[PDB]
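Peer 1: Structure below; questions to follow.
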Amino acid sequence: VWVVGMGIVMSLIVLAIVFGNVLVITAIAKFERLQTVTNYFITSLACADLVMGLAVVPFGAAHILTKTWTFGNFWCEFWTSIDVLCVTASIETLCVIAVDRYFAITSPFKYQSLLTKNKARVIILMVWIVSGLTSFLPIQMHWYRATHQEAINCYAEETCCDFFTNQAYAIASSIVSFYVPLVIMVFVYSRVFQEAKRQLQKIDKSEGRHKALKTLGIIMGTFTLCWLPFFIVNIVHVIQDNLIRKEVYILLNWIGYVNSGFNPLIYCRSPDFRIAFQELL
Ligand SMILES: CN[C@@H]1CCc2c(ccc(O)c2O)[C@H]1O
C-alpha cells in the first residue's frame with residue numbers, strides 16, 4: 031500500500047533538482063550581465079548537480095523500489111563511480127567558492143589583478159581532475175574489495191548489487207573528500223565574520239545617531284545538517300562491524316542527496332539573478 035508513496039516523493043525531488051539546475055544553467059548562459067569571473071564556479075556546481083540528479087537519483091530510486099538490481103554487472107560500478115565523483119566535485123567546488131570569497135573580502139586591493147578568467151578555468155579543471163582521480167581509478171579497477179567472505183557472492187551474482195568497501199579506501203576517501211573542506215570553510219568564515227564584526231564596530235563608533272550572522276549561519280547549518288552524519292557513520296562502520304544497520308545507512312545516504320537540490324535556491328539572491336529569472340516567466 032506504500033509502494034507508490036516513496037515513488038511520488040522521489041519523482042518530485044528529481045524534478046525539483048533537474049529544474050533548479052537547468053534554470054540556473056540557462057540563466058547564466060542567455061544573459062551576459064550575470065557572466066563574471068566568479069560565476070564560473072556556480073556554473074560548474076550547477077552542472078555537477080544536474081549530472082548527479084540525471085544519472086544517480088532515478089537508477090538508485092528504482093533499485094530500492096523494485097528491490098532488485100535487474101541491470102547488468104558493468105553498470106553498477108559505473109553508477110557508483112558517478113555518484114562518488116559528483117559528491118566529491120560538489121564538495122570541492124563549494125570549498126573553492128568559499129576560498130574565493132575569503133580572498134575577495136580579507137585582502138582587497140589585489141583581488142582584481144590576482145584573479146582572472148584564465149585562472150578560474152585552470153582551478154576548476156584541477157578540482158575536477160583531483161575529484162576524478164579518486165572516483166574512476168579505484169572503482170573501475172578492481173580494488174577496495176572486501177576480503178571477508180560475505181558479499182563475495184554479491185560481487186559474483188549479477189542480480190545482487192550492494193556497497194561493500196575496505197577500511198583503508200573508505201577512510202581515505204572520507205578524509206580526502208569531507209573533512210579538509212569543512213576545516214577550510216570553518217577557518218575562512220571565522221575570519222570573514224571577524225572582519226565583518228570589526229567593520230560594523232568601526233561604523234557604529236564613527237556614526238552615533269545580524270544580517271551577516273544569519274547569512275553565514277544558514278549556509279553553515281544547511282551544509283552541516285545535509286552532509287555531516289553520512290561521513291560520521293561512514294568512518295565508524297568499517298572500523299568496527301555490526302555497529303550499524305543497512306537501513307539507517309541507506310537513509311542517511313539518501314538524505315545526503317537532498318543538498319544538491321538546495322544549492323541553486325541558496326546561492327542565488329542578487330537582483331540581477333532575480334531580473335534574469337523574471338525575464339523568463
Ligand atoms: C553509494 N553512495 C556512496 C557511498 C560512499 C561515498 C559516497 C561519496 C563519496 C565518498 O567518498 C564515499 O565514500 C556516496 O556517494
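Numbered by the UniProt record's numbering, the letters in the sequence shown go through residues 31 to 239, 269 to 340 in order. The beta-carbon is built from N, C-alpha and C at its ideal position, and this holds for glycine as well.
#1: Assign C190 to one of two classes, buried (16 or more other C-beta atoms within 10 Å of its C-beta) or exposed (fewer than that).
#2: Hey, how far is the Cα of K273 from the Cα of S111?
#3: Specify the secondary structure class of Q179 as computed by DSSP and reduced to three states.
#4: Are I169 and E107 touching if we call contact CB-CB under 8 angstroms?
#5: Buried or exposed, going by whether 16 or more other CB atoms sit within 10 Å of the CB of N103?
#6: Do three or more CB pairs link the segment 127-136 to the segment 215-235 at distances below 8 angstroms?
#7: Rounded to a whole number of angstroms, what is the C-alpha to C-alpha distance between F61 and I127?
#8: With distances taken between CB atoms, is the gap from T164 to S203 smaller than 8 angstroms?
#9: If we ignore side chains and look at the alpha-carbon of each, how far apart do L53 and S143 end up?
#10: Output yes or no for whether 8 angstroms exceeds the beta carbon distance between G37 and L95.
#11: Could you tell me the boundaries of the alpha helix (DSSP H) in which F193 lies?
#12: Using a 10 Å radius around the Cβ and a threshold of 16 neighbouring Cβ atoms, would you call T56 buried or exposed?
#13: In the DSSP assignment, find the unbroken alpha helix (DSSP H) run with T73 in it and report its ends.
#14: Tell me the DSSP secondary structure of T136 in three-state form.
#15: Evaluate contact between the segment 330-340 and the segment 278-298, counting only Cβ atoms and requiring at least three cross-stretch pairs below 8 angstroms.
#16: In terms of residue numbering, what span does the alpha helix (DSSP H) encompassing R333 cover?
#17: Measuring only the C-alpha atoms, how far is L324 from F208?
#18: Cβ atoms of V86 and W109: under 8 angstroms apart, would you say?
#19: Kindly list the residues whose CB is nearer than 6 angstroms to the CB of residue 241, restricted to its own chain and excluding five residues on each side of it in sequence; keep chain order.
#20: Do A335 and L64 have their beta-carbon atoms positioned less than 8 angstroms apart in this structure?
#21: Report the rounded CA-to-CA distance for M40 versus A91, giving the unit in angstroms.
#22: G315 to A119, Cα distance in whole Å?
#23: Give a single yes or no on whether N312 has its beta carbon closer than 7 angstroms to a heavy atom of ligand 1.
#24: Note down the Cα distance separating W32 from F217, rounded to an integer number of angstroms.
Peer 2: Taking the geometry as given:
#1: Classification for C190: exposed.
#2: Rounded to the nearest whole angstrom, the CA to CA distance from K273 to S111 is 36 angstroms.
#3: Here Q179 sits in coil by DSSP.
#4: Yes; because the gap between Cβ atoms is below 8 angstroms, this pair is in contact.
#5: Exposed is the call here.
#6: For the pair of segments examined, the segment 127-136 was found to touch the segment 215-235: the number of CB pairs separated by less than 8 angstroms reaches three.
#7: Those two C-alpha atoms are separated by around 22 angstroms.
#8: Cβ distance < 8 angstroms, so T164 and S203 count as in contact.
#9: A direct Cα-to-Cα measurement between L53 and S143 gives close to 31 angstroms.
#10: It is a contact, given that the beta carbons lie within the stated cut-off.
#11: Careful: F193 lies outside any alpha helix (DSSP H) and carries neither H nor E.
#12: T56 is classed as exposed because its beta carbon has fewer than 16 other beta carbons within 10 Å across all chains shown.
#13: That run of the alpha helix (DSSP H) goes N69 to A85.
#14: Helix.
#15: Segments in contact, no.
#16: Counting along the chain, the alpha helix (DSSP H) containing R333 begins and ends at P330 to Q337.
#17: In this structure, the straight-line span from the alpha carbon of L324 to that of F208 is close to 22 angstroms.
#18: Remark: C-beta atoms of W109 and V86 approach each other more closely than 8 angstroms.
#19: Absent here is residue 241, because the residues of the chain run from 239 on to 269 with nothing modelled in between.
#20: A335 sits close to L64, with the two beta carbons spaced by under 8 angstroms.
#21: Using only the alpha carbons, I get a separation of about 7 angstroms.
#22: Answer to the nearest angstrom: the Cα atoms are 15 angstroms apart.
#23: Under cutoff, so the answer is yes.
#24: The straight-line gap from Cα to Cα measures roughly 45 angstroms.
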